[PDB]
Structure formats: structure tokens, C-alpha cells
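Residue numbers (the deposited numbering), protein chains in the order written: chain C, 146 to 193; chain A, 818 to 865.
To start, the structure under review is shown below, and the notes come after it.
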């Protein structure tokens, strides 16, 4: 329904799904095809 | 927290005459009619 972007999905998978799946019976290693949301502080050297 | 997510452990026992299977079935039914984003699970003796 184009409400969530590519990285919006990745954040939900990382935060809500990945941990629960990684502790599931028989699961070895879990590789996220994306990245969990961090607080990005994009610095501007002109203003800085 | 239970399995990484925030939780609250609730204890109880089947009423006189009724079995644990019948009691647990109603807790599931009542838990289904809770607010959006509120799930449940069984642990300890209720897991086994």
C-alpha cells in the first residue's frame, strides 16, 4: 500500500522480527537485507 | 520482558471441576479481545 518505504520495512524487520527469528528453534545465523533505524545527525560544516 | 519484548506475567488456576486446558482456552479468548498491539504467550508449566 506504499505507506512504508524500503528502509521503513528494514527497521520493522530489524526491531520487531529479526531478534524473535534469530532465537527460533534450529536458526543458526540471521542476515538482515537492510538496516535498523538509528538517530542520524547529518552535520553541515558551513553551519558548524 | 519475555523473549526480548516488554511483558507482564499473569498467574491463575482452573476453577473447581474445570481442567487446565479449558481454563487456558478462555484466557486465550479473553486475550484476543484486548487493545491493538497486545499479544500473549504461555511459559513454565503452561509451555510443557
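Each residue gets a CB set at the ideal place from its N, CA and C atoms; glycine is no exception.
For residue 822 of chain A, the pairing in a beta bridge is given by DSSP as A/819.
Annotation: the continuous alpha helix (DSSP H) that includes residue 844 of chain A extends over 837-849. If the five residues before and after residue 156 of chain C are omitted, its C-beta is found closer than 7 Å to the C-beta atoms of 181, 182, all from its own chain and listed in chain order. Segment contact: the region 169-180 of chain C against the region 821-838 of chain A, fewer than three CB-CB distances shorter than 8 Å; contact not assigned. For residue 146 of chain C, there is no enclosing alpha helix (DSSP H), as DSSP gives it neither H nor E.
Taken through DSSP and simplified to helix, strand or coil, residue 158 of chain C comes out as helix.
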